[PDB]
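J.: So I've got this experimental structure, pasted below with the sequence.
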Number of protein chains: 2
Amino acid sequence: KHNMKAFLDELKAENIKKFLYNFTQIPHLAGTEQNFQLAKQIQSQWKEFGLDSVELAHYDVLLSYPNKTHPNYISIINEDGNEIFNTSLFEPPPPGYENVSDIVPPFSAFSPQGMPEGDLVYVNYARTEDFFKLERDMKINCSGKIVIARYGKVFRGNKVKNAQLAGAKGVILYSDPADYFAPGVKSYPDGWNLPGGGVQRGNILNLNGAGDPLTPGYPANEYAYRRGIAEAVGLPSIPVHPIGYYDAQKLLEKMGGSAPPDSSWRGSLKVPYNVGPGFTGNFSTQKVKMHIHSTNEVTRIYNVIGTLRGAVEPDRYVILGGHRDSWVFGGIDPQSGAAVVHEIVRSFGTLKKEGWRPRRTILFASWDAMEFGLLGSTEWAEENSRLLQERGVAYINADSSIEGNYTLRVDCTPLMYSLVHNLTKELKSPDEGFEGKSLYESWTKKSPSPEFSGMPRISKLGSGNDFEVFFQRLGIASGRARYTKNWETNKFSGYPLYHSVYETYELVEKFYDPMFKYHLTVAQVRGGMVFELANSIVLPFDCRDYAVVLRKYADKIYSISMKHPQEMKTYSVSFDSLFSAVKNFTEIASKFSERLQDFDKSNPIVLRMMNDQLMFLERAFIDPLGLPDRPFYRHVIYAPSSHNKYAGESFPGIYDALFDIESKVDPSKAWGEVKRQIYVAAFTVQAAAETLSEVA
Amino acid sequence: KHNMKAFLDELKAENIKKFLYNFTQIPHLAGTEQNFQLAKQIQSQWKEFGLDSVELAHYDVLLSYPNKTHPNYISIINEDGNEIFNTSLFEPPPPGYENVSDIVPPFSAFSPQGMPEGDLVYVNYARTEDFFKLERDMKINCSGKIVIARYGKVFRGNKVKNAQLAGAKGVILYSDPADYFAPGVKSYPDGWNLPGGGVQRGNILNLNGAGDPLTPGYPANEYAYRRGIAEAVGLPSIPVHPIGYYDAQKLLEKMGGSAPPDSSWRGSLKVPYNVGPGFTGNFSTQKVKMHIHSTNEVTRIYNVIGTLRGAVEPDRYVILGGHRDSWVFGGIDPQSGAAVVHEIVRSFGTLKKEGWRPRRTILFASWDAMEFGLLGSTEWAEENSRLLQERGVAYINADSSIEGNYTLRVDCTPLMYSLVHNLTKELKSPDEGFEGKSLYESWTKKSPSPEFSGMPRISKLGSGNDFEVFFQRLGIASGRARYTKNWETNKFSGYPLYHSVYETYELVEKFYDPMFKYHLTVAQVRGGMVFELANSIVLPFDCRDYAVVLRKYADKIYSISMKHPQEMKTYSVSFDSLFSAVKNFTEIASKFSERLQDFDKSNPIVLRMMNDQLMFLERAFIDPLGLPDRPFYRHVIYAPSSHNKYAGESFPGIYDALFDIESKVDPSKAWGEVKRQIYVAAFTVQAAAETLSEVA
Ligand SMILES: *[C@@H]1O[C@H](CO)[C@@H](O[C@@H]2O[C@H](CO)[C@@H](O[C@@H]3O[C@H](CO[C@H]4O[C@H](CO)[C@@H](O)[C@H](O)[C@@H]4O)[C@@H](O)[C@H](O[C@H]4O[C@H](CO)[C@@H](O)[C@H](O)[C@@H]4O)[C@@H]3O)[C@H](O)[C@H]2NC(C)=O)[C@H](O)[C@H]1NC(C)=O
Ligand SMILES: *[C@@H]1O[C@H](CO)[C@@H](O[C@@H]2O[C@H](CO)[C@@H](O[C@@H]3O[C@H](CO[C@H]4O[C@H](CO)[C@@H](O)[C@H](O)[C@@H]4O)[C@@H](O)[C@H](O[C@H]4O[C@H](CO)[C@@H](O)[C@H](O)[C@@H]4O)[C@@H]3O)[C@H](O)[C@H]2NC(C)=O)[C@H](O)[C@H]1NC(C)=O
Ligand SMILES: *[C@@H]1O[C@H](CO)[C@@H](O[C@@H]2O[C@H](CO)[C@@H](O[C@@H]3O[C@H](CO)[C@@H](O)[C@H](O)[C@@H]3O)[C@H](O)[C@H]2NC(C)=O)[C@H](O)[C@H]1NC(C)=O
Ligand SMILES: *[C@@H]1O[C@H](CO)[C@@H](O[C@@H]2O[C@H](CO)[C@@H](O[C@@H]3O[C@H](CO)[C@@H](O)[C@H](O)[C@@H]3O)[C@H](O)[C@H]2NC(C)=O)[C@H](O)[C@H]1NC(C)=O
Ligand SMILES: O=C(O)CC[C@H](NC(=O)NCC[C@H](NC(=O)CCNC(=O)c1ccc(I)cc1)C(=O)O)C(=O)O
Ligand SMILES: O=C(O)CC[C@H](NC(=O)NCC[C@H](NC(=O)CCNC(=O)c1ccc(I)cc1)C(=O)O)C(=O)O
Ligand SMILES: *[C@@H]1O[C@H](CO)[C@@H](O[C@@H]2O[C@H](CO)[C@@H](O)[C@H](O)[C@H]2NC(C)=O)[C@H](O)[C@H]1NC(C)=O
Ligand SMILES: *[C@@H]1O[C@H](CO)[C@@H](O[C@@H]2O[C@H](CO)[C@@H](O)[C@H](O)[C@H]2NC(C)=O)[C@H](O)[C@H]1NC(C)=O
Ligand SMILES: *[C@@H]1O[C@H](CO)[C@@H](O[C@@H]2O[C@H](CO)[C@@H](O)[C@H](O)[C@H]2NC(C)=O)[C@H](O)[C@H]1NC(C)=O
Ligand SMILES: *[C@@H]1O[C@H](CO)[C@@H](O[C@@H]2O[C@H](CO)[C@@H](O)[C@H](O)[C@H]2NC(C)=O)[C@H](O)[C@H]1NC(C)=O
Ligand SMILES: *[C@@H]1O[C@H](CO)[C@@H](O)[C@H](O)[C@H]1NC(C)=O
Ligand SMILES: *[C@@H]1O[C@H](CO)[C@@H](O)[C@H](O)[C@H]1NC(C)=O
Ligand SMILES: *[C@@H]1O[C@H](CO)[C@@H](O)[C@H](O)[C@H]1NC(C)=O
Ligand SMILES: *[C@@H]1O[C@H](CO)[C@@H](O)[C@H](O)[C@H]1NC(C)=O
Ligand SMILES: *[C@@H]1O[C@H](CO)[C@@H](O)[C@H](O)[C@H]1NC(C)=O
Ligand SMILES: *[C@@H]1O[C@H](CO)[C@@H](O)[C@H](O)[C@H]1NC(C)=O
Ligand SMILES: [Ca+2]
Ligand SMILES: [Ca+2]
Ligand SMILES: [Cl-]
Ligand SMILES: [Cl-]
Ligand SMILES: [Zn+2]
Ligand SMILES: [Zn+2]
Ligand SMILES: [Zn+2]
Ligand SMILES: [Zn+2]
């Protein structure tokens, strides 16, 4: 038979390993020839694998690169202006790659050029609360200072935004061993830890969903009319550069001024972690100088778009997408995910060659320029927004398949919770000690849901990955899954060698997944989800699961507001309308579910009506006016946190209206805006509910 | 059989007459008890007529009313401050209605309160070009003057906006006999002309599609959070009041200053039409004083919403909608249209009682508060926007059925041109001299298309009517039709007694349509369109007709730009991308049309795919970012003219970027924005075309 089991059984660990090796021998930086070559290779292979059509979709977008003949670096300069200490110009290449060309040196993409020199202030992780603590509690002024922040906890773009608004004239990011060196594990190449010379690359934009900085709203095609740089979206105004902890140590060791306010401010280096500003007495006349000469330039990028036409509903699209561009070799990020996508295409293509086709169309995407701001997926979705919004069933992302070897991690819309539960109950656990048990069982045991015994944790979607346009802009149900670490063991924001030259094929093959069994489990979950979404007669979404979480989020936002009981009385702030809408959603969804079970199974119009109702339910949470000052975040239930693009926030409009409200100078105005956001959320919830009522 | 002919034949002129009489005996001003009573009556009757459900949808919206105990009026005051001349407090009521209560006196709805006193400037029709001529050519400064403008040519809201931006401190609108008195016809009650004491009511908002001024974006429901008045949308900042030509004569006769610049500035009164400012020598110390005391107040309004559930595609909606609220008796506007809707419901209900149902769902709407800014239809569409955008097939409007007795007038999306041509070829002409001929034949003869011999004129949709939210905001194919006058005979912007107390049942029965045959023809066209839209297996839209007009509009906008050849060279302004997109649209639409003809007629999925492609084609012209500073006008091909809300403009983004461009102080910036609009239009056209490509 051609069923899900045939699909799953065709997937092979050994194929994923071969593809990963193939994709990670040279760098594939967005906009470079090497990445265009790989694009053409994957196009060719997807065609040979059997897809009906495979095309490149190219765009001309703003990227950023260091100047090869004018290196970025930071100095300590003495009062004479002699540079007495200089940070590294490159990471020491790993064994056997010391002759690889075109390894981009560490840099912060989209930094402006400049050579600011000043006194250092240490700002911990540069989170909103870290700046609050500096200004409000410690009375330290960052205006005109160079800020040094440790990576971790939040997206680095938010750090840079926060430093700018504090008045910093430059930012230095570094990786502290506290956050990127797991105790008892060796540095690469002998373990999976970050060495003192390792550095995390990465962009520092604040795009808020816009895509290419020059063309917000519209694809960066041949004839596009670009904004000038001064009106581009999301560019930082101060120079920024990342360094490793050997170099960080040499910048921090001299710091004077105030002590760190508490231990949550101290990392693991042998330094006091003084906040500054500036250096202790003997060194007080020395300063820090950055030298940044990177350039922004419009550069062509290439997405690969594969189509497997549906047999019955070709005008319904289930999309499996993940990026192909990497900072250097991309051993984990993204090629561990791209190798999984490749094998999924291969497997679906095998069935197709034997005469099968999915019920609905499957689109496969190899996105470009993700590392420079989700540019490739966003431009493509801008180009294709009307097809995607009227035909898009679901989007399954496929970045890094592994970031650990402990258990599964899934973030998705509530509409996919039941699908994920049911699919994982069918799959075999790859975990030691769970031989012959289901993935559901191992996952639930290692990662229990905080709410419900006997179920696993599934998180909301955040951002910083290629689902952002499809979910928070366009309202297409989205999900993602990968293998991850035990967050109780270390609690780091990622894996140590993230975005470093040390992220290699050997990293994965030797330390993360020698038998490629976690990769295979991830291919089964991602591929399985796509299979069911594209082949189930009734779409596999359970609207009742949205009702349950909407109540949890309404409770949560209410509890936040209820910290201000006097203001709620003064300004008559009521959540009654939101709870009412949620109650109605619960009731209507329950009735819809009965019809879906009970409808006449011979009637394809009733079926498609109810599949359209299922498909357009995520779509109903979109507000076409967007959230305040973030027009490309239109989903009213979920947006990326305004303080950390990686994290999702629920009822974001209300949350941001309530955030730090006790500090606003005009409370009447501030609480007015809370009430406005309550109204918008209540209305959108009720409106979404009504899409599930009988249609006439 | 139950077919279109059965539907059409059930319609009776005598029923329309009875309903019109029934709807016009007392005033039905929005927000009054009398209009809520009529709402309940139409709800009851639509249920008895056989609709499946009929509900009221109510909203609480900003309306405006004069103060009953503090009348609005204008004076000429002498230097002592004695009011030596006062305009009327009411229109002399027509015969037999001199005892009717609650006739609202003439006023401009949403005027602020004030009693400004100043010198008069006469500004012709207060169009953009009239102000250009005053400031630029005649060097007359309106700052701090009271402006007197004749009604006509453009929507009165645009006049008030234009007067404000000229710095006027108040506006007086009047009806000039040149524009509202047809030569050789008697004044009401002895003819259909406006008497000297007649006055045109009407709102003076600039909403740009927003709906209720306090709640843009969201329905004005129970829990809505309102803007304060100072942030409301579209309210005028200067007092405004309309008067008749007896009173206008007494204001204009003393005017001094400059002569009218030419005869296009002179109306028909026995006055010189001097532009002013102020009065001639002997009267130079006299001034004009307005006294406006109207109040804005949030008031409940009621739409009636009738549903006739579709047998096969209940989740596809064909909407017939028109308003019910009137300024006074509403003899033409709107009850001549509402009486037609009522008979259409009756006819469809007769078929339903005999066991028939349309293929798709038909929604019938009796809108409220249209006269105060299309409020009722817009709030309802805001409430229901997600159902309408995913399920809305078409909207047919149904305001005034007649404004003359000469020939048909149709404005609609190009997608309905073929439908209208085919339907009118089936219908009998009611015109004298065309007995036994088709409506198509009489209409084509009396109103030839400017482009194509042997076809009739069909105009683009403008605004100032209840289709605005459905078409220009939501992108649902829309159309309207009514009987009209011979524009070659007089060329007035409407009919003389528009929005006056004299617009009565007797006006219609005695002067416009004694045998109710034009009303019946209009019921057949509107009802016929709804019938085909709701019952045709393939939706009756021809995408090729859009391709033909897109080329006409691209030629037109190109020709406008080509008046500035030097700037097009300097700033490299090319229309190549727009023409390219239009060419592609033409090619793809041609291929789609072949598939639509040729597809396998047994396959309902292919059918519905192609019906969805047809339905979502108007939808593809929507840009969710809206046009510049007009977020609720999102259609890129059509918007209401920025200079006259009643008129439609094509490629409005480009048109407004080019308008008066030779006056802009920064030409680089201005031509940049032209190019930006070219890109947006080319992209949207191509994107719309691609919705008609094979789906996978
Ligand atoms: C969750 O779902 C429920 C439905 O089960 C919704 O209930 C509606 O709630 C609103 C209140 O927010 C009710 O509004 C009230 O309607 C009365 C008239 O309703 C009748 O007539 C309408 C048509 O006009 C019918 O559709 C309806 O069935 C009724 O027969 C008004 O008279 C009320 O206004 C008066 O009282 C209020 C409050 O004290 C005053 O502010 C007013 O000035 C006025 O005096 C009121 O407008 C509505 O009728 C309910 N519909 C039902 C029960 O079907 C919830 O609203 C929904 N939650 C959300 C968030 O949408
Ligand atoms: C109306 O419809 C036609 C289709 O019939 C569209 O034609 C496309 O037009 C654009 C030009 O605007 C062409 O873009 C060019 O593509 C070249 C590569 O294309 C190949 O590879 C792609 C995938 O990457 C395939 O999809 C495609 O089939 C081709 O095989 C580029 O190399 C060109 O760029 C080079 O030249 C330009 C111009 O001189 C330079 O600016 C660049 O820097 C670079 O040197 C160019 O990008 C596109 O290929 C055409 N597609 C076709 C024929 O199918 C029209 O665009 C459309 N009109 C609108 C308004 O959309
Ligand atoms: C995940 O798996 C669960 C368990 O199989 C699925 O729920 C089950 O779905 C079936 C099929 O609809 C339900 O059967 C139905 O029962 C009703 C009422 O008794 C009957 O009238 C119908 O004819 C039909 O047989 C079954 O009750 C239900 N079991 C539950 C909820 O415990 C669930 O649908 C799956 N989720 C997906 C596919 O997203
Ligand atoms: C308005 O009426 C015209 C004239 O009836 C309609 O166009 C006609 O539509 C029919 C039905 O699709 C076309 O017939 C088809 O012809 C093709 C090609 O020869 C054949 O392969 C199909 O099987 C089918 O018989 C007919 O050609 C066409 N006539 C024209 C264009 O002159 C038009 O569709 C109507 N418009 C509407 C309903 O909106
Ligand atoms: O411009 C942008 O918006 C982002 C560009 C670029 N993106 C990435 O590097 N993405 C991979 C890293 C990303 N990290 C996080 O989400 C941090 C916390 N959550 C998880 O790791 C986490 C979340 C869900 C799951 I399932 C597993 C882990 C990730 O893991 O996706 C960057 O950040 O520089
Ligand atoms: O707030 C708003 O946006 C408008 C509120 C209110 N609306 C109306 O009174 N509508 C009826 C008058 C309107 N007039 C025009 O369109 C003027 C030129 N075109 C036609 O008459 C014309 C156009 C198409 C056809 I078919 C027939 C005649 C009309 O005729 O619909 C008002 O204007 O005060
Ligand atoms: C990755 O695998 C691809 C595909 O097998 C290899 O590209 C092929 O290389 C052979 C030998 O040079 C050529 O004859 C084919 O034309 C290539 N195929 C395609 C589709 O490009 C590639 O060599 C491998 N890369 C590495 C580094 O191993
Ligand atoms: C850090 O790098 C800087 C720049 O290369 C070094 O300073 C330069 O040294 C050369 C050779 O002695 C001089 O001719 C240049 O004028 C210097 N340039 C600047 C900008 O100062 C510096 O010596 C290096 N410091 C260390 C400790 O290696
Ligand atoms: C308009 O017609 C309606 C409906 O025929 C009339 O309203 C009815 O009046 C009778 C007699 O008063 C009542 O018994 C019914 O309950 C009413 N029906 C409904 C549905 O409201 C109304 O009288 C007519 N109005 C005018 C001015 O002629
Ligand atoms: C126009 O109306 C105004 C207001 O009614 C008249 O002026 C008033 O006249 C009364 C009675 O003589 C005075 O007591 C008021 O003080 C006046 N009010 C104002 C505001 O002036 C005026 O007489 C009327 N003019 C004409 C020509 O009829
Ligand atoms: C890079 O730096 C070099 C050498 O210092 C300079 O000549 C060149 O203009 C720079 N390239 C850029 C700005 O792309
Ligand atoms: C920080 O310093 C700058 C000037 O050096 C000043 O404008 C700003 O107000 C200061 N912030 C404080 C002390 O709050
Ligand atoms: C793989 O799992 C083992 C056993 O739990 C663990 O000790 C090791 O740290 C893991 N490797 C990685 C890279 O997480
Ligand atoms: C209307 O005018 C009267 C009498 O001059 C006044 O008492 C009342 O407040 C006004 N009503 C309003 C503003 O609605
Ligand atoms: C019109 O008059 C006002 C002041 O009375 C002035 O501010 C404005 O500039 C004048 N406009 C002209 C003469 O252009
Ligand atoms: C009705 O038609 C006649 C004959 O053409 C015309 O003279 C008369 O003015 C028309 N009535 C109206 C109200 O247009
Ligand atoms: Ca873009
Ligand atoms: Ca509103
Ligand atoms: Cl992922
Ligand atoms: Cl109309
Ligand atoms: Zn990645
Ligand atoms: Zn990455
Ligand atoms: Zn009207
Ligand atoms: Zn009107």
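T.: Perfect, thanks for sending it. Numbering: from 1, shown residues only, chains lettered A, B, ... in the order given. Ligands and ions are numbered 1, 2, ... in the order given.

J.: if I look at the residue nearest in space to the middle of chain A, how far off is residue B:385?
T.: Computing the C-alpha centroid of chain A and ranking residues by Cα atoms, centre = their mean puts residue A:464 first, at 2.5 Å. Using Cβ to Cβ, to the nearest Å, residue A:464 is found at 31 Å from residue B:385. Bear in mind the C-beta positions are built from the backbone N, C-alpha and C, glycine included.

J.: still on that earlier bit, secondary structure element for the residue nearest to the centre of chain A?
T.: Assigned by DSSP states H and E, residue A:464 falls within no helix or strand.

J.: Now do the contacts for it.
T.: By Cβ atoms under 8 Å, 6 or more residues apart in numbering or on different chains, the contact set of residue A:464 is A:155, A:374, A:640, A:645-646.

J.: Just the closest of those residues to residue A:499, please.
T.: Distance to residue A:499, by Cβ to Cβ, is smallest for residue A:155 among these, at 12.5 Å.

J.: Report how many residues lie close to the closest one.
T.: For residue A:155, the count of nearby residues is 24 (other Cβ atoms under 10 Å in any protein chain shown).

J.: cool, residue A:86 as well?
T.: Using other Cβ under 10 Å: residue A:86 sits among 16 other residues.

J.: and what of residue A:247?
T.: 21.

J.: So it is in contact with residue A:175, correct?
T.: No. The pair residue A:247 and residue A:175 fails to qualify as a contact (Cβ atoms under 8 Å) at a distance of 10.0 Å.

J.: Now do the strands in the stretch 301-450 of chain A.
T.: In the stretch 301-450 of chain A, the strands defined using DSSP state E, counting those that start in this stretch lie at A:313-323, A:360-367, A:392-397, A:407-412.

J.: Let me have those in JSON lines, extended by distance to ligand 12 and mean neighbour count.
T.: Below are the strands of the stretch 301-450 of chain A laid out as JSON lines (distance: least, Cβ to the nearest ligand atom, whole Å; neighbours: other Cβ atoms under 10 Å in any protein chain shown):
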{"stretch": "strand A:313-323", "distance to ligand 12": "41", "mean neighbour count": "26"}
{"stretch": "strand A:360-367", "distance to ligand 12": "42", "mean neighbour count": "26"}
{"stretch": "strand A:392-397", "distance to ligand 12": "43", "mean neighbour count": "28"}
{"stretch": "strand A:407-412", "distance to ligand 12": "39", "mean neighbour count": "23"}
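
J.: got the residue ranges for the strands in the stretch 1-150 of chain A?
T.: Applying DSSP E, counting those that start in this stretch to the stretch 1-150 of chain A gives strands spanning A:53-65, A:73-77, A:83-86, A:108-109, A:117-118, A:120-122, A:146-150.

J.: what about residue A:263, how many residues close to it?
T.: Residue A:263: 7 neighbours (other Cβ under 10 Å).

J.: my bad, residue A:115
T.: Per other Cβ under 10 Å, the neighbour tally for residue A:115 reads 12.

J.: My read is that it contacts residue A:291, right?
T.: Yes. Taking contacts as Cβ under 8 Å, residue A:115 lies within contact range of residue A:291: 5.0 Å.

J.: Mind listing the shared neighbours of the two?
T.: The contact sets of residue A:115 and residue A:291 do not overlap (Cβ under 8 Å, 6+ apart).

J.: hmm, back to that, could you measure the closest residue to the residue nearest to the centre of chain A other than its chain neighbours against ligand 18, distance?
T.: Of all residues not flanking residue A:464 in the chain, residue A:646 sits nearest, at 4.4 Å (Cβ to Cβ, 6 or more residues apart in numbering or on different chains). Noted for residue A:646: a distance of 35 Å to ligand 18, by Cβ to the ion, to the nearest Å.

J.: residues contacting residue A:332?
T.: With Cβ under 8 Å, 6+ apart, residue A:332 has these contacts: A:400, A:402-403, A:495, A:497-498, A:503, A:507-508, A:512.

J.: most neighbours, which of those?
T.: Highest neighbour count within the contacts of residue A:332, by other Cβ under 10 Å: residue A:503, with 30 neighbours.

J.: Just the element for that residue, please.
T.: Secondary structure (DSSP H and E) places residue A:503 outside all helices and strands.
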